[PDB]
Amino acid sequence: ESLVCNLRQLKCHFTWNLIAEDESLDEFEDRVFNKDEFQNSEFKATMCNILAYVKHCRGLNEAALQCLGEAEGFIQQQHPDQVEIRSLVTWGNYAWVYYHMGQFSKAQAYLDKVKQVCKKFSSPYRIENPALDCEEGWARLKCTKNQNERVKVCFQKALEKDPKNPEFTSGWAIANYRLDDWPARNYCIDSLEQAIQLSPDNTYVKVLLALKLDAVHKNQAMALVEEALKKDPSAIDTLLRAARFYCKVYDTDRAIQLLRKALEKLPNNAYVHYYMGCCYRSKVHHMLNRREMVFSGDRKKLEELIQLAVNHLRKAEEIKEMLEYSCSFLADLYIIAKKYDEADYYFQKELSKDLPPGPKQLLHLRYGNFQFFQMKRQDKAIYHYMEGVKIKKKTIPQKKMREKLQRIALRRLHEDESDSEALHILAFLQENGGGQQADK
Amino acid sequence: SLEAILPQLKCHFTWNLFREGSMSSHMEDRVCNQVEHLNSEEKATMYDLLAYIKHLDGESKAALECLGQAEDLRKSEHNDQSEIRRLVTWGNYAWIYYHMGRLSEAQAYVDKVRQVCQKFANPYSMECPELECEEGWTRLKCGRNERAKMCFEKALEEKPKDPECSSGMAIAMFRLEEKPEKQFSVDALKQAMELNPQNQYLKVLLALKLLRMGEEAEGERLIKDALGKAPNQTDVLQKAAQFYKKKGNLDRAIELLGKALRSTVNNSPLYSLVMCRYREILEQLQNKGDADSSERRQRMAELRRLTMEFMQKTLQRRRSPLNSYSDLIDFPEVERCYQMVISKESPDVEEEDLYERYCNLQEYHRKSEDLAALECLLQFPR
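If you want it as structure tokens, here you go:
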């Protein structure tokens, strides 16, 4: 039908292909809403549109209509002068949702409204078509020096519009190679300063400028945080970001009060419990290195630390084992606490979960060190180091693990239990030697 | 009224190709290196860009000739998409005539571009700064920071100062530096090589990737294949010589560059590369206590003849704003090799010259007024 042919040409959230390579809609909604619960939005219409799209993908349409109505209300509330231009995407969302439901008359009417606005505001000479988006980009490859970021976007647009085309694919591959070889260097200090000076009362970029940079500012950097809290006390943005910043300050009495205020807002959240666990952990590890003296408060601090960590773990992690990566902190917490049986329980809970090869070999290295320190036996430790070296990822923990294998070669001289496994160790090390003289 | 129409077109004159403020050795030789190794579609694109470079250099009449050749190739082929690609060429006529003063002629092409754009119009979408910010916010929340950076950046070009776009761009920059964006290289290069089976330039790019990843047997096998099939292509030879330099073999790297230098007539950019490599190998042999060798002499003599040939080549060249700008860049390198090769081995022959005249030319380059005018238009800092 001609209706879908016309609908394909609109630009809106449905066409932009927001979700991709996400195993479920639950992961998408969690990562967009709960995880970065802070950001919210500078332009209130984006959140309602995203929520409406997710609601439609769930199977409910009336909630989508309500959310889109709220989005239009916010658009009218904010910008009265440009109400015609800013309302263009929401009309496309109405058209798509109504077409999905079946009321074709409303979809046709909204299509006519969009056409009228476009015809009134369009330019007679410009045109959009991926052929030009490819010519622009073959110009850039030859003319550019070190900024290859817009080349890749220009080629992605054309590739997305029409895939399996040799020319677009070659351009995209070349851009990716150039970006991989020499990464783009970016600095937020000047942009953040300009953003603050142009538009005050933002009370967010202030906090970002404080935590990210201006370490030399010290108390002057803290002044930004105080002014940000003073200007907008009801902003969850500044609240959460200031509380995390105080962890670097090592002033929990202040950070925890802010986090309790935040918990008064959103009780069901789990990351609120996570941050409190990070706050006790950073302070107790800092005071463990050299404070010494009475060393009494630390046992209590560890007690509330572990209780908040468990209160975190009971939610949002039993459903998905991978998320929050907390089990390593739980394990090391028990190791400091000198209690070992729940320590091995929780570490074994961590180990059963799949991880990327880098984190996997890091886990093998850490538990090799553990299996060495707390257990008399050595065979388990050499086995776990063998497990780690079986992974072929190239990274600096892997180099430290080669150093561990050299140590085990020494332990062959020291302990007789090493036996032929040390022979396999030296075989692997001479293979690595052949490789490194091959690199020459 | 014609002044307002021009900025709305899409052509090389509205893209900010030289935004960085940094330019390479003059592109005349780089843009049109080899023309017998390309197809019709790539030939048309090269001529479109070659006109823009020439026009900035002052040769307006030659610029029209470059555009005409690309016009013929696109007209010869009959296809729907070929008509749309023609819109870029017609944008260059309007800008060149208007600058050249033939205002009546430029009105004809502005008329012609309108009918073509009218037939292929899209009646359901438009482009404006307000539509780039709304897309920028959505891409920010979904976690695609790199794509959100460029939606805000392109919107600031239209409006130089805007309190809303400026705030958004800083947030995307902060998120990127916290966690870099992933890049896929070996997957994309392998996929592209399967669609294009007769391209050898993509072969040496993958091999250079594999060498750094830790595998040389895979890398070296790929390069030996590429050199055999196309042994007279400048692009492959430079990349192959780079691979051996990274591997540790400088003798073979020298031989490949020497082959590449004798490939085309546009060998000016390659002079700087070869000159540096001889200096590196000669300095190494000092460390090996090899102060005198038939082999050490076998290198010093070659550097002697190249220095004279490059210096002779520079003097016999037409004076242009772009030639002067590129000459100043190569001056520090050619000077350093001068005292190393000839002033030490033997007293310089006075009557042979090629010096104190080349140096005299350098002083005249700085005083040129035409270079000063060009840098102001391109906004290149001094």
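From first to last, the protein sequence lines are chains A and B. Residue numbering for the first sequence follows my numbering, starting at 1 and increasing by one per position. Residue numbering for the second sequence follows my numbering, starting at 1 and increasing by one per position. All C-beta atoms, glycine included, are put in the ideal place defined by N, C-alpha and C.
- Assignment of A/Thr395 by DSSP, reduced to helix, strand and coil, places it in the coil class.
- Between B/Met275 and B/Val334, the alpha-carbon positions lie close to 8 Å from each other.
- At a cut-off of 7 Å between beta carbons, A/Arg178 makes no contact with chain B.
- The Cβ-Cβ distance between A/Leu209 and A/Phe245 does not fall below 7 Å.
- In chain order, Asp327 and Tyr358 place their CB closer than 7 Å to the CB of B/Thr314, counting only its own chain and leaving out the 5 sequence neighbours on each side.
- Each residue's CA atom was taken as its position, placing B/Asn249 and B/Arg277 some 12 Å apart.
- Under the Cβ criterion (8 Å, minimum of three pairs), the region 302-311 of chain A counts as touching the region 333-344 of chain A.
- Chain B has no Cβ within less than 7 Å of the Cβ of A/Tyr275.
- Between A/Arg126 and B/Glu127 the beta-carbon gap is near 6 Å, inside 8 Å, which marks them as a contact.
- The three-state reading of DSSP puts B/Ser263 in coil, since its state is none of H, G, I, E or B.
- For A/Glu84, the closest C-alpha among the options B/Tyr93, B/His99, B/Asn92 and B/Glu130 is that of B/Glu130.
- Listed along chain A are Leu132 and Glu135, each with a C-beta nearer than 8 Å to that of B/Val88.
- Here the region 163-174 of chain A does not lie against the region 189-198 of chain A, with fewer than 3 beta-carbon pairs under 8 Å apart.
- A/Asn40 sits in coil when the DSSP states are folded into three classes, being neither helix nor strand.
- Per the coordinates, the alpha-carbon of B/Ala51 lies some 7 Å from the alpha-carbon of B/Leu64.
- For the 7 Å CB-CB criterion, B/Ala241 and B/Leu257 form a contact.
- The alpha-carbon separation between B/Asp330 and A/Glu136 amounts to approximately 30 Å.
- DSSP places B/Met213 in the uninterrupted alpha helix (DSSP H) bounded by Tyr201 to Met213.
- Inter-residue distance for A/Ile319 and A/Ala63 is about 26 Å (C-alpha atoms, whole angstroms).
- Among the CB atoms of chain A, one or more fall inside 7 Å of the CB of B/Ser185.
- Near chain A, meaning a CB-to-CB distance below 7 Å, the residues of the region 189-201 of chain B are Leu189, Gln191, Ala192, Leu195 and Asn196.
- The Cβ-Cβ distance between B/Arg297 and B/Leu285 does not fall below 7 Å.
- At a cut-off of 7 Å between beta carbons, B/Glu130 contacts chain A.
- Taken through DSSP and simplified to helix, strand or coil, B/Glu375 comes out as helix.
- Where A/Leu65 is concerned, the enclosing alpha helix (DSSP H) starts and stops at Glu62 to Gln78.
- The contact set of B/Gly168 on chain A, defined by CB atoms closer than 8 Å, consists of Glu42 in chain order.
- In the three-state DSSP reduction, B/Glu132 falls in the helix class (H, G or I).
- If the five residues before and after A/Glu70 are omitted, its C-beta is found closer than 8 Å to the C-beta atoms of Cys48, all from its own chain and listed in chain order.
- Ranked by Cα distance from B/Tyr355, the first of B/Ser263, B/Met308 and B/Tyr271 is B/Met308.
- Between the region 154-162 of chain B and the region 170-188 of chain A, the count of Cβ pairs shorter than 8 Å is below three; the stretches do not touch.
- Neighbours of A/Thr90 across chain B, judged by C-beta separation under 8 Å, do not exist; the nearest C-beta is about 10 Å away.
- Remark: three or more beta-carbon pairs, one from each stretch, lie closer than 8 Å, so the region 355-369 of chain A and the region 391-401 of chain A are flagged as touching.
- Taking a beta-carbon distance threshold of 7 Å, A/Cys247 does not count as an interface residue toward chain B.
- Secondary structure of A/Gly434 (DSSP, three-state): helix.
- Distance check between B/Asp225 and each of B/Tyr244, B/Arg212 and B/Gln200 places B/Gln200 closest, using alpha-carbon atoms only.
- Per DSSP, the continuous alpha helix (DSSP H) segment holding A/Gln374 begins and ends at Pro357 to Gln374.
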